[PDB]
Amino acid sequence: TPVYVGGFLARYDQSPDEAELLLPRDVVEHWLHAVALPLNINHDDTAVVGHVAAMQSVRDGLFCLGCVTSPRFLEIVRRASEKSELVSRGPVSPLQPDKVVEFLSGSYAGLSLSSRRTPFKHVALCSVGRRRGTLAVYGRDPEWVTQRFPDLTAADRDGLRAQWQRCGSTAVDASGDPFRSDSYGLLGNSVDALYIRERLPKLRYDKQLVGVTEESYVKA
């Protein structure tokens, strides 16, 4: 199975320390007016794991819903998940153990947009986002992950649902695997994640802000 990922890429109610990370409602919405962005791991062109299935400018931020498809990547995650003491401990009641989702939840807890200043380039899964509020929520059902975020209106969800339900090209009768990296890369990426100062308070901050306190796989 593929894994779906939801979260904000930017937030309108959050003001970044680094002013370059500003991304207001006027700018985001005009950009969405101006064929589907790649999903990579720590902005590595060789670590594309899928695509952004939906994008929606909602009350509080730019929300997106990416799709992790790569068999090569998900197979790395599978083998690595069976060697984590965190994953072994399990998820909160009443969720079923899902080693693959739990590992991604732990390892790639953040979202990071790559944008100008076409205006959006791609989205990266990463340990923590530099913009606050950018918690990554993984799960098998996209309707389910989108429901993790309680402040999304039914108006917002409909706009999102429209995008991830939209059928791709009927032409090619296979699903390509974009992933051109390895577990060595993902291991290389891991050290860096350890040296982001106070990662876990940043993640805790993101969690309560976006109200992901509602059963989730989030490890923070």
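Start at 1 and count along the sequence shown; that's the residue number.
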item	value
Sequence continuity check, residue 34 and residue 35 (deposited residues unmodelled)	4 to 9
Unmodelled deposited residues flanked by residue 117 on one side and residue 118 on the other	10 or more
Average Cα temperature factor in the PDB entry - higher stretch of 146 to 154, 94 to 102	146 to 154
Selected stretch [higher average CA B-factor]: 108 to 116 or 129 to 137	108 to 116
Highest recorded Cα temperature factor - choice among 164, 63, 179, 195	164
Residue, from 40, 190, 175, 169, that the PDB entry assigns the highest Cα B-factor	169
Where the record places residue 200 (Cα B-factor, split into thirds across the chain)	lowest
Where the record places residue 22 (Cα B-factor, split into thirds across the chain)	highest
Residue 56, C-alpha B-factor rank within chain (lowest, middle or highest third)	highest
Position of residue 48 among the chain's modelled residues by C-alpha B-factor, lowest, middle or highest third	lowest
Among modelled residues of the same chain, the CA temperature factor third for residue 186	lowest
